[PDB]
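Participant: Once you've had a glance at the structure underneath, I'll fire off some questions.
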Amino acid sequence: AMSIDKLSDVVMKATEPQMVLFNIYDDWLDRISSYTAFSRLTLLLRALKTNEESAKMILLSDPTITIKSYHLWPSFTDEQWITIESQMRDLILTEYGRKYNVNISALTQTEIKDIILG
Amino acid sequence: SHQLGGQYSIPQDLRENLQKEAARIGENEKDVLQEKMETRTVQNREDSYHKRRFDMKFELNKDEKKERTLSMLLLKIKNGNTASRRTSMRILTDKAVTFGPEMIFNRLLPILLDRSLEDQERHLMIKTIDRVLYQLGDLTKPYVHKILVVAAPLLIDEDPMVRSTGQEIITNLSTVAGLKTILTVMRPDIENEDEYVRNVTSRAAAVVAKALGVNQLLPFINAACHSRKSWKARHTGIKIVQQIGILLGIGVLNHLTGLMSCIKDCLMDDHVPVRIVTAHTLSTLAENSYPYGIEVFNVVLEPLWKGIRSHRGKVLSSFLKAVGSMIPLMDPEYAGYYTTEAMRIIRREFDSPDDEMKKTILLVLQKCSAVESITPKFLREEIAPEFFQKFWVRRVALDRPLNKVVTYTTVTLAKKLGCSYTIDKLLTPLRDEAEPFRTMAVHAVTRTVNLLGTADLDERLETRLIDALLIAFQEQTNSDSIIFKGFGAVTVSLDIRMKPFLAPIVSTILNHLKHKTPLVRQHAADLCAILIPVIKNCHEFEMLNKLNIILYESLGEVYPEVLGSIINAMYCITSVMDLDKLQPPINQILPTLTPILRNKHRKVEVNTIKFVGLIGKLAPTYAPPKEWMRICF
Amino acid sequence: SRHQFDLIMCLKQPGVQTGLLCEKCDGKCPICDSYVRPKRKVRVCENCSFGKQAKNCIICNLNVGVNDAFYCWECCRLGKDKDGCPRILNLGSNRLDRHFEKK
Amino acid sequence: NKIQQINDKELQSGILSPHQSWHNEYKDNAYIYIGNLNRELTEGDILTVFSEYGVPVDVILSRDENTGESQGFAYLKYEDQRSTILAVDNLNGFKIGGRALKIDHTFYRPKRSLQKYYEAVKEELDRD
Amino acid sequence: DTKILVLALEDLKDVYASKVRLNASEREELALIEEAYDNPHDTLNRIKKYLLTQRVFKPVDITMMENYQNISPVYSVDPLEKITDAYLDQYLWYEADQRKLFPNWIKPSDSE
Amino acid sequence: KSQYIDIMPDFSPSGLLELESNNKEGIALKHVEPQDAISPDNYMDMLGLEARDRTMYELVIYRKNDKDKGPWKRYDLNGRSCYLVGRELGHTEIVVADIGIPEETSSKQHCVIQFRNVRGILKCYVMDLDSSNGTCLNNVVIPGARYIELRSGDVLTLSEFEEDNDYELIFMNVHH
Amino acid sequence: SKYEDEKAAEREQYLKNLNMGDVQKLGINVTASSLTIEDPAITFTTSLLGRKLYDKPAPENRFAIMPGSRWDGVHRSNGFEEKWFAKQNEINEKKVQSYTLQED
Amino acid sequence: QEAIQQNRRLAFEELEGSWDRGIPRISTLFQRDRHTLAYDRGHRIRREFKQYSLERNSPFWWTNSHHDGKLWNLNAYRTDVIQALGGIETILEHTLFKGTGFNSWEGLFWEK
Amino acid sequence: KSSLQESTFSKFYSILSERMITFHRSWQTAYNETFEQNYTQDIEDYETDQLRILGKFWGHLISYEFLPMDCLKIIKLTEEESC
Amino acid sequence: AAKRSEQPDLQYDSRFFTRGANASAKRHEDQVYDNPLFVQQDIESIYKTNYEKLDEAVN
Amino acid sequence: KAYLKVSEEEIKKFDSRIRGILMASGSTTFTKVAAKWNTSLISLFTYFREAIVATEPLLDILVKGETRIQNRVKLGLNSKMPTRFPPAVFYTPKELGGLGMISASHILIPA
Ligand SMILES: [Zn+2]
Ligand SMILES: [Zn+2]
Ligand SMILES: [Zn+2]
């Protein structure tokens with residue numbers, strides 16, 4: 001979580017012990033159930049946990065898409081999320097292949113889903 | 001010219017600028033009805049090559065009534081009601097004799113040369129030539145030239161149904177017009193300059209050869225092949241030997257000595273296009289012969305190698321095809337020598353981008369597995385890895401004529417190579433993105449596993465194979481049998497070993513039966529009928545009753561293609577499993593089927609009647625007899 | 001064939017290879033075309049073997065063959081068994097004419 | 001007409017875009033084998049038809065060392081690859097001078113013996 | 001000719017694109033339209049021939065649709081005649097609009 | 001040091017690529033009509049007047065030995081946007097150009113008669129195709145490779161000098 | 001032997017690098033108008049690798065590549081490139097038609 | 001005028017803004033069958049006389065959405081209603097949605 | 001904002017404000033102050049389309065004097081300072 | 001000297017035509033909306049892993 | 001200025017249109033009635049757009065029509081209870097499994 005722009009900006013500056021609310025889902029719960037929202041969220045954290053900078057490249061590619069002043073995550077449409085979940089999905093696999101030096105066509109499908117989900 | 005108000009639509013002069021374009025651009029467009037107007041006419045099936053049929057050269061008041069009648073009959077047959085032409089065929093077959101065959105053929109044959117006629121209309125005309133030629137029995141030479149102008153171009157036609165009915169004529173005409181007459185008509189035709197006309201009557205004179213026997217026709221070929229007069233007579237005189245060797249199949253043989261007069265001496269010609277043709281006409285005589293021939297092919301084996309060791313180019317592709325197909329009929333002493341000779345050439349030619357060579361490389365690999373001398377270790381170490389990477393490119397999987405070869409070649413190499421080695425290499429294509437390439441790599445696995453059996457596979461490939469199939473199963477789009485037989489030929493082999501893999505598979509069946517697209521609910525149920533004989537061997541009767549109920553609750557489906565295949569899986573579970581322990585149970589199943597017998601279609605009626613009759617055998621006592629009488633009606 | 005008159009049988013000396021029938025023509029005697037009471041395997045000549053041709057049903061010679069073909073009991077009593085290769089050569093008037101009309 | 005046969009099957013299935021297309025097998029290749037040329041067409045004229053689809057950086061026409069006339073094949077590298085996907089696909093089977101030429105993707109290996117022919121060609125294509 | 005057909009036949013087919021359970025007359029019509037696509041040239045000759053020779057036609061049925069205040073009549077002609085009427089209609093409008101027959105003022109016109 | 005390599009490239013046009021676009025069935029023809037090229041009548045149909053108020057154009061031939069017999073031939077120029085001049089002898093020759101002459105000093109493609117639309121005005125021109133012998137207007141030599149503006153009555157001779165001139169070609173603005 | 005191997009590797013690299021297309025190798029890729037336009041002030045006032053480019057309007061293309069300065073200007077095509085659009089438009093259309101023609 | 005004048009290429013980036021604008025709806029210029037529609041003339045009066053020849057009302061008699069393009073879009077209405085009812089979750093407290101046992105409501109499809 | 005999402009200018013949002021500006025003088029200061037916030041801060045965001053909806057929206061308010069016109073004082077035309 | 005083929009008037013970017021322009025007009029009689037409320041229906045698929053790209057990206 | 005209103009004939013045509021929607025046949029399935037009311041309604045508001053603001057009788061007839069169709073569904077089951085039929089049942093789009101009927105009739109009507 002600390003690898004996000006906003007949250008680091010708040011936790012670095014604040015000089016007192018304090019509580020701060022955020023809404024992690026921005027406004028995603030208009031068009032998305034809590035289930036799939038939590039699911040995408042954990043995918044956006046797992047790709048930020050591992051690669052970091054190269055995930056943040058996937059998020060911040062197009063500057064035309066802007067993070068609002070309220071939200072954390074940049075405001076996409078539904079389809080842009082459907083592709084970005086696939087890229088953020090890809091970093092976990094390419095990185096896994098880099099780490100254990102396993103060419104990833106050697107894995108069973110279950111092994112892929114497990115890799116993506118831990 | 002001031003306007004009142006303004007412009008709100010588009011400027012007025014701009015529409016006409018648009019509506020003029022549609023006249024200019026539209027006349028080149030081929031509108032919907034314009035398209036279907038042409039598609040009807042048979043010429044859209046044909047390449048520029050086949051178009052040459054029309055380039056080919058074709059050359060009282062009481063009796064003026066017969067001149068109409070035939071032209072009326074020939075009209076009724078071609079364009080006529082089905083009850084009309086049926087009466088006008090009966091009139092021809094009886095009365096063909098009394099009408100002048102001049103009048104029939106001079107009137108009948110020109111139709112077949114127009115550019116208009118549809119395929120339905122053409123086959124009704126050819127069927128009249130065949131029925132007329134059968135009777136008269138004495139036919140003059142002028143028409144024998146005409147008939148072959150019409151009939152022979154069929155032999156090159158796209159589809160085999162037309163190819164055969166063309167062949168059916170010439171074998172009838174060959175007997176009618178006799179041996180002496182036809183061989184006079186080919187002589188000026190084989191010396192002809194035009195290519196298409198020569199390619200046509202190689203195939204025509206060969207059909208004549210089978211009907212009358214080749215010996216009667218052999219001195220004709222010997223005159224053409226050995227002819228120093230024309231170069232082209234040598235060429236086409238050699239093609240006549242192919243379509244004699246292709247038609248006569250195995251039976252060439254005893255004639256192979258007389259034929260060899262043509263081939264060898266006509267091979268030495270300085271003209272390469274002749275050099276090349278004989279190199280093919282040997283590979284056909286070599287294969288069609290098979291084990292018996294070699295004693296006649298030693299004479300030709302020497303000049304091939306001096307042609308292989310030098311000329312390269314496309315002469316190398318043809319000579320290797322000949323030498324490649326002599327191998328299996330050589331003695332084990334030499335056969336081991338020439339392959340290890342030829343396997344040097346292939347290793348050098350795997351990088352050849354040409355098609356003509358790749359078709360030759362496959363033939364030799366195909367025939368060099370059966371040689372004892374190469375070890376299966378040599379293949380795995382060298383030939384195998386340079387095979388699967390070059391011949392399994394996605395550009396291969398698209399065109400069928402080169403797919404059937406690469407899979408057959410793969411399957412034969414699977415006897416020397418391990419079963420675990422080939423299946424190991426076929427996992428990259430089974431998971432590939434391209435559809436037509438996943439289907440190719442399935443045919444190679446189904447075919448392989450039937451030969452070798454799955455006992456070879458270490459546990460890891462056994463798990464990776466099934467993951468590759470389920471994937472390649474669940475992305476299929478088009479409906480084809482190959483995935484199901486394949487996924488069903490794997491299970492049958494390893495069946496008791498399947499048990500751990502059978503839990504997650506059945507979960508995806510139950511997951512795809514909830515999918516919206518009705519194709520996916522076919523393949524979900526089509527893959528249950530396959531797994532039942534394997535599930536029972538693994539002895540899950542708690543896992544059949546789960547499938548069975550789920551197939552029962554879906555038995556009121558709308559889509560007939562889907563409802564049919566669910567009953568099919570119901571019929572597989574019921575016959576396999578005990579009746580007494582069937583979960584629904586039976587007495588609740590049978591009354592649900594009787595209103596399904598009214599479902600029209602077929603997939604539902606067939607698969608149901610097999611299910612109902614099953615219960616008549618196995619459990620008659622459940623439904624009361626007035627229920628069986630509701631079924632008998 | 002028993003009911004389709006144009007088709008021409010082979011009638012050559014039977015070899016050692018067994019004829020095959022497609023799933024659709026399966027269970028039929030190649031002579032009388034009856035589904036009942038088989039007796040003897042069919043045996044076809046070599047010159048009906050060779051390449052692609054060998055696989056096709058010995059009745060329609062179009063579809064690919066799978067099961068063996070038997071002579072029915074009645075065709076083995078009369079002797080029509082041993083006349084020759086019981087294989088149909090041409091595709092016949094009926095099959096063609098359906099084909100062109102459909103397209 | 002071998003390749004032209006594929007794309008019709010391929011497109012019919014709606015394959016659309018290179019990942020699923022057989023043209024993806026290459027990606028690192030640019031030169032295209034240009035076959036069944038007529039005999040009199042020279043490098044400049046082969047550098048007519050093929051700029052429709054891209055910008056050629058290189059060209060080589062294959063011609064006998066002695067008489068110096070066309071063998072009938074050439075190797076033409078486009079600046080941006082995807083021209084290759086475009087030329088192979090679109091212009092294959094097309095008539096020039098009565099004979100329909102063939103294109104296909106190729107890996108091209110230079111031959112020492114032509115070394116000067118490279119600068120002699122390059123200098124012209126280096127003009128632009 | 002073929003284009004004016006395409007327009008006519010599509011105008012006729014849009015009626016049955018929606019319909020669900022078809023009566024017999026409908027099936028008859030749809031048969032005529034499908035045949036009109038399968039032989040455009042034949043049906044053009046049929047049309048033009050009817051434009052010459054045929055001066056006596058089949059009868060025309062009437063029903064009334066209720067608008068609850070108005071009651072309005074509705075004429076159903078036979079499909080064989082519907083096709084020639086359609087082609088003839090489309091053609092006359094194409095020419096008459098092409099040759100500037102009707103002046104500007106007449107107007108449930110095409111532009112607005 | 002004798003030659004770099006005996007082979008070397010070309011970078012020269014073959015006649016095949018240019019030829020296919022242009023056919024005289026036998027041969028290629030120079031001069032693709034400029035974009036404003038329009039046949040006169042279709043320019044006259046733009047200005048919409050039935051033939052009495054139209055301008056017409058005929059190219060009349062007078063054999064330069066004797067003009068007293070009147071027209072040798074009369075060629076109407078209102079039909080096409082361009083017209084080609086060449087050699088049709090009658091005594092074998094292939095017919096290429098629109099307007100042929102029985103002149104043995106005239107090349108197969110000699111001079112071109114082109115009509116254009118320049119700011120709403122039809123203007124016929126003439127250009128030498130750089131034929132072997134050259135061409136003359138008003139019996140004055142003309143430069144090649146430009147459209148020279150024809151003016152009513154002017155004469156077109158097929159050769160650079162009077163010695164070879166057997167024929168006169170006259171361009172006509174036609175009214176009243 | 002090692003040296004030889006190295007040499008071989010180098011030549012392979014050279015072969016591959018020569019073959020690679022130029023734009024990919026440098027690669028890295030593949031409103032304003034409105035404003036700069038809808039603006040009164042404006043009124044007051046070609047190759048990716050710099051290679052020569054054509055002038056007149058070219059036929060449209062899948063990738064939008066522009067013909068080289070040397071192009072004669074004749075269409076030469078098998079006719080495929082236009083047939084890909086028809087499929088491209090089709091597939092893109094039946095994604096819309098499928099929902100809109102749905103009923104119940 | 002600009003493009004014809006400088007021989008440039010309309011980019012679709014420029015004119016995508018107005019893609020849905022205009023009473024003929026700019027997008028109707030780029031229809032697939034436009035070539036065959038240029039021959040359909042008198043369509044307005046054909047639609048207004050379908051009163052007489054057909055029983056079924058097609059309540060849009062004033063538009064052919066082939067020629068004119070679709071003159072309205074209510075897409076936004078559907079979302080704004082959905083949040084006027086309290087969102088998709090409170091809407092689905094009133095249903096069997098949980099009975100089915102699906103996890104998420106996002107991809108539900110009703111048999112058509 | 002809900003005026004700018006609407007794809008074209010409408011008389012609804014004009015009269016909605018007109019009826020509102022005349023209700024109480026506290027809404028006089030709400031539009032006067034939000035015509036400054038738009039022109040200064042919030043013009044930097046907008047597409048060339050949504051400026052066509054604003055232009056007409058402050059057109060009816062100024063030309064009917066609801067604004068009034070001295071609130072247009074902030075507009076300054078220079079090469080140096082103008083967006 | 002070679003003759004140009006005709007290009008009509010302005011020409012247009014290819015994305016004009018391939019966009020499936022007025023496709024919404026082959027609407028059923030009574031379908032008010034032209035898009036599904038949710039992409040996830042129209043998308044036809046979510047995540048299909050590509051074994052070819054990953055194998056390139058890993059090595 | 002051109003002031004606009006809907007003519008009284010084409011108000012009566014609309015009212016009679018709905019009247020026909022209720023007796024039409026196939027009216028009883030809830031979704032076909034709601035779809036028919038949708039199309040009719042969209043034909044109106046789309047043809048007369050601006051004019052509808054200034055006509056009272058048209059608004060009154062809208063309020064009658066929409067309640068009459070909702071009553072069609074309610075009487076279709078057996079209740080007029082408000083508690084059973086919260087507005088989500090009529091107004092949720094068909095993609096979430098309601099009628100998706102499109103309400104122009106809430107408003108407030110100038111008196
Ligand atoms: Zn059979
Ligand atoms: Zn029998
Ligand atoms: Zn036999």
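Chains: A, B, ... in order of the structure tokens. Residues: from 1 per chain. Ligands: from 1, in order shown.
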Need the shell around residue H:20: protein/DNA/RNA residues with any atom at most 12 Å away, counting only C-alpha atoms. Skip same-chain ones fewer than 2 positions apart. Format as number ranges by chain?
Facilitator: H: 15-18, 22-29, 68-73; I: 7; J: 21-22, 24
Participant: Would you mind exporting the chosen residues as a PDB file, in the first residue's frame, restricted to N, CA and C atoms?
Facilitator:
```pdb
ATOM      1  N   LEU H  15     -12.728  14.821 -37.175  1.00  0.00           N
ATOM      2  CA  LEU H  15     -14.175  14.763 -37.404  1.00  0.00           C
ATOM      3  C   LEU H  15     -14.897  13.747 -36.523  1.00  0.00           C
ATOM      4  N   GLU H  16     -14.170  13.079 -35.641  1.00  0.00           N
ATOM      5  CA  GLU H  16     -14.781  12.182 -34.670  1.00  0.00           C
ATOM      6  C   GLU H  16     -15.600  12.932 -33.640  1.00  0.00           C
ATOM      7  N   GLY H  17     -15.274  14.197 -33.390  1.00  0.00           N
ATOM      8  CA  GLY H  17     -16.040  14.997 -32.447  1.00  0.00           C
ATOM      9  C   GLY H  17     -17.508  15.088 -32.841  1.00  0.00           C
ATOM     10  N   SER H  18     -17.717  15.385 -34.118  1.00  0.00           N
ATOM     11  CA  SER H  18     -19.059  15.552 -34.641  1.00  0.00           C
ATOM     12  C   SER H  18     -19.668  14.273 -35.167  1.00  0.00           C
ATOM     13  N   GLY H  22     -25.508  16.362 -36.128  1.00  0.00           N
ATOM     14  CA  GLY H  22     -26.032  16.721 -37.457  1.00  0.00           C
ATOM     15  C   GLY H  22     -27.353  16.032 -37.710  1.00  0.00           C
ATOM     16  N   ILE H  23     -28.309  16.685 -38.385  1.00  0.00           N
ATOM     17  CA  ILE H  23     -29.599  16.081 -38.497  1.00  0.00           C
ATOM     18  C   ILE H  23     -29.558  14.917 -39.493  1.00  0.00           C
ATOM     19  N   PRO H  24     -28.773  14.993 -40.560  1.00  0.00           N
ATOM     20  CA  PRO H  24     -28.494  13.727 -41.281  1.00  0.00           C
ATOM     21  C   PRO H  24     -27.471  12.864 -40.542  1.00  0.00           C
ATOM     22  N   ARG H  25     -26.870  13.304 -39.444  1.00  0.00           N
ATOM     23  CA  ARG H  25     -25.956  12.469 -38.691  1.00  0.00           C
ATOM     24  C   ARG H  25     -24.743  12.108 -39.539  1.00  0.00           C
ATOM     25  N   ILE H  26     -23.697  12.894 -39.380  1.00  0.00           N
ATOM     26  CA  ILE H  26     -22.497  12.783 -40.150  1.00  0.00           C
ATOM     27  C   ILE H  26     -22.097  11.366 -40.412  1.00  0.00           C
ATOM     28  N   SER H  27     -22.272  10.525 -39.415  1.00  0.00           N
ATOM     29  CA  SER H  27     -21.863   9.159 -39.555  1.00  0.00           C
ATOM     30  C   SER H  27     -22.565   8.467 -40.713  1.00  0.00           C
ATOM     31  N   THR H  28     -23.694   8.971 -41.180  1.00  0.00           N
ATOM     32  CA  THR H  28     -24.385   8.328 -42.279  1.00  0.00           C
ATOM     33  C   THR H  28     -23.689   8.455 -43.591  1.00  0.00           C
ATOM     34  N   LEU H  29     -22.646   9.262 -43.666  1.00  0.00           N
ATOM     35  CA  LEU H  29     -21.871   9.331 -44.897  1.00  0.00           C
ATOM     36  C   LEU H  29     -21.025   8.081 -45.088  1.00  0.00           C
ATOM     37  N   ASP H  68     -31.282   8.666 -42.135  1.00  0.00           N
ATOM     38  CA  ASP H  68     -31.082   9.768 -41.217  1.00  0.00           C
ATOM     39  C   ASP H  68     -30.143   9.462 -40.091  1.00  0.00           C
ATOM     40  N   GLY H  69     -29.884   8.198 -39.838  1.00  0.00           N
ATOM     41  CA  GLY H  69     -29.105   7.838 -38.653  1.00  0.00           C
ATOM     42  C   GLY H  69     -29.927   7.951 -37.406  1.00  0.00           C
ATOM     43  N   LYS H  70     -29.476   7.368 -36.308  1.00  0.00           N
ATOM     44  CA  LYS H  70     -30.343   7.326 -35.136  1.00  0.00           C
ATOM     45  C   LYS H  70     -30.332   8.658 -34.423  1.00  0.00           C
ATOM     46  N   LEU H  71     -31.501   9.277 -34.286  1.00  0.00           N
ATOM     47  CA  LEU H  71     -31.579  10.657 -33.899  1.00  0.00           C
ATOM     48  C   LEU H  71     -31.639  10.903 -32.402  1.00  0.00           C
ATOM     49  N   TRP H  72     -31.470   9.881 -31.580  1.00  0.00           N
ATOM     50  CA  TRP H  72     -31.457  10.070 -30.125  1.00  0.00           C
ATOM     51  C   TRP H  72     -30.613   9.024 -29.453  1.00  0.00           C
ATOM     52  N   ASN H  73     -30.158   9.299 -28.232  1.00  0.00           N
ATOM     53  CA  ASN H  73     -29.483   8.265 -27.450  1.00  0.00           C
ATOM     54  C   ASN H  73     -29.939   8.329 -26.015  1.00  0.00           C
TER      55      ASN H  73
ATOM     56  N   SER I   7     -23.872  17.857 -23.840  1.00  0.00           N
ATOM     57  CA  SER I   7     -23.596  17.744 -25.280  1.00  0.00           C
ATOM     58  C   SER I   7     -24.060  18.925 -26.156  1.00  0.00           C
TER      59      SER I   7
ATOM     60  N   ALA J  21     -20.166   2.137 -39.037  1.00  0.00           N
ATOM     61  CA  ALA J  21     -20.685   3.465 -38.776  1.00  0.00           C
ATOM     62  C   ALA J  21     -22.063   3.532 -38.168  1.00  0.00           C
ATOM     63  N   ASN J  22     -23.078   3.262 -38.958  1.00  0.00           N
ATOM     64  CA  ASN J  22     -24.459   3.470 -38.507  1.00  0.00           C
ATOM     65  C   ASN J  22     -25.057   2.145 -38.002  1.00  0.00           C
ATOM     66  N   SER J  24     -25.931   0.788 -35.530  1.00  0.00           N
ATOM     67  CA  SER J  24     -27.021   0.804 -34.550  1.00  0.00           C
ATOM     68  C   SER J  24     -28.390   0.915 -35.192  1.00  0.00           C
TER      69      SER J  24
END
```
Participant: For chain K, which residues have at least one atom within 12 Å of chain G, if we go by only C-alpha atoms? Write them as a PyMOL selection string, please.
Facilitator: chain K and resi 29+31-32+35+94-95
Participant: Just N, CA and C atoms for this one: save the residues we selected as an mmCIF file, in the first residue's frame.
Facilitator:
```cif
data_model
loop_
_atom_site.group_PDB
_atom_site.id
_atom_site.type_symbol
_atom_site.label_atom_id
_atom_site.label_comp_id
_atom_site.auth_asym_id
_atom_site.auth_seq_id
_atom_site.Cartn_x
_atom_site.Cartn_y
_atom_site.Cartn_z
ATOM 1 N N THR K 29 -48.191 -10.417 -20.796
ATOM 2 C CA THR K 29 -46.801 -10.589 -20.364
ATOM 3 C C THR K 29 -46.297 -9.236 -19.987
ATOM 4 N N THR K 31 -43.356 -7.812 -19.683
ATOM 5 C CA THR K 31 -42.283 -7.229 -20.405
ATOM 6 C C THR K 31 -42.715 -6.755 -21.800
ATOM 7 N N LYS K 32 -43.696 -7.385 -22.410
ATOM 8 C CA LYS K 32 -44.153 -6.902 -23.696
ATOM 9 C C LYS K 32 -44.972 -5.645 -23.519
ATOM 10 N N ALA K 35 -42.454 -2.936 -22.863
ATOM 11 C CA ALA K 35 -41.721 -2.580 -24.055
ATOM 12 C C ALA K 35 -42.573 -1.736 -24.995
ATOM 13 N N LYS K 94 -33.920 -3.883 -17.912
ATOM 14 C CA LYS K 94 -34.056 -5.290 -18.131
ATOM 15 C C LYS K 94 -32.777 -6.084 -17.903
ATOM 16 N N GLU K 95 -31.624 -5.424 -18.019
ATOM 17 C CA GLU K 95 -30.347 -6.074 -17.786
ATOM 18 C C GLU K 95 -30.157 -6.495 -16.359
#
```
Participant: Can you list, as JSON, numbers by chain, every protein, DNA or RNA residue that comes within 8 Å of residue G:68 when you count only C-alpha atoms, leaving out same-chain residues fewer than 4 positions away?
Facilitator: {"D": [51, 52, 53, 54, 55, 56], "G": [51, 52, 53, 54]}
Participant: In chain H, what's alpha helix (DSSP H) per DSSP? Answer as number ranges by chain?
Facilitator: H: 2-6, 34-37, 43-53, 75-84, 87-91, 97-100
Participant: Could you give me, as a list in words, the residues within 8 Å of residue G:100, counting only C-alpha atoms and dropping anything in the same chain fewer than 6 positions from it?
Facilitator: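 With the cut-off at 8 Å, the set is residues 24, 26, 27, 28, 31, 33, 34 and 35 of chain J.
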Participant: Within 8 Å of chain D, which residues of chain G show up when using only C-alpha atoms, listed as a VMD selection string?
Facilitator: chain G and resid 15 to 16 19 to 24 51 to 53 63 65 to 73 75 to 81 84 87 to 88 91
Participant: How would the residues just picked look written out with C-alpha atoms as a CSV table (one decimal), in the first residue's frame?
Facilitator:
```csv
chain,number,residue,atom,x,y,z
G,15,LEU,CA,23.1,-11.4,-39.6
G,16,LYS,CA,20.1,-11.0,-37.2
G,19,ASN,CA,17.7,-8.4,-40.9
G,20,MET,CA,15.8,-6.5,-38.3
G,21,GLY,CA,13.5,-3.7,-39.4
G,22,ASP,CA,14.7,-0.2,-38.6
G,23,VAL,CA,11.6,1.3,-37.0
G,24,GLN,CA,11.2,-1.5,-34.5
G,51,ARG,CA,13.4,8.9,-45.4
G,52,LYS,CA,11.8,10.6,-48.5
G,53,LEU,CA,8.0,10.2,-48.5
G,63,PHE,CA,-1.1,0.2,-40.6
G,65,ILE,CA,2.2,3.4,-43.6
G,66,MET,CA,2.9,6.0,-46.3
G,67,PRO,CA,4.4,5.0,-49.7
G,68,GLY,CA,8.0,5.9,-50.4
G,69,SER,CA,8.9,9.0,-52.4
G,70,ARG,CA,9.6,6.7,-55.3
G,71,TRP,CA,6.1,5.3,-55.8
G,72,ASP,CA,4.7,5.5,-59.3
G,73,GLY,CA,1.1,6.1,-58.2
G,75,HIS,CA,-2.7,0.7,-57.5
G,76,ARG,CA,-1.1,-2.6,-57.7
G,77,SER,CA,-2.9,-5.1,-55.5
G,78,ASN,CA,-4.2,-8.6,-55.3
G,79,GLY,CA,-7.3,-7.0,-53.8
G,80,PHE,CA,-6.8,-8.3,-50.3
G,81,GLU,CA,-6.2,-5.1,-48.4
G,84,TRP,CA,-9.6,-7.1,-44.9
G,87,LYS,CA,-14.1,-8.2,-42.6
G,88,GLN,CA,-12.8,-5.6,-40.2
G,91,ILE,CA,-16.7,-8.1,-37.2
```
Participant: Which residues are near ligand 1 in this structure, taking near to mean any atom at most 12 Å from a ligand atom and counting only C-alpha atoms and all ligand atoms? Format them as an MDAnalysis selection string.
Facilitator: chainID C and resid 1 19:30 33 55:69 87:88 91 95
Participant: Could you list, as an MDAnalysis selection string, all protein and nucleic acid residues with an atom at most 7 Å from ligand 2, counting only C-alpha atoms and all ligand atoms?
Facilitator: chainID C and resid 29:34 71:75
Participant: What do you get as a compact mmCIF listing (two decimals) with C-alpha atoms, in the first residue's frame if you pick all residues at most 8 Å from ligand 3, counting only C-alpha atoms and all ligand atoms?
Facilitator:
```
# COMPACT_ATOMS: atom_id res chain seq x y z
CA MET C 9 -19.90 -54.55 -58.60
CA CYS C 10 -16.30 -55.69 -58.98
CA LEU C 11 -16.48 -59.48 -59.13
CA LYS C 12 -12.78 -60.30 -59.14
CA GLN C 13 -10.89 -62.89 -57.16
CA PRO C 14 -11.14 -62.02 -53.50
CA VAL C 44 -12.09 -57.99 -51.36
CA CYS C 45 -9.46 -58.06 -54.04
CA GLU C 46 -6.14 -56.25 -53.98
CA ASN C 47 -7.00 -53.93 -56.88
CA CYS C 48 -9.78 -52.62 -54.60
CA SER C 49 -7.16 -52.01 -51.90
CA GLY C 84 -16.29 -62.22 -56.17
CA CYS C 85 -15.29 -58.88 -54.77
CA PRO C 86 -18.53 -57.43 -53.52
CA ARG C 87 -17.48 -53.86 -53.91
```
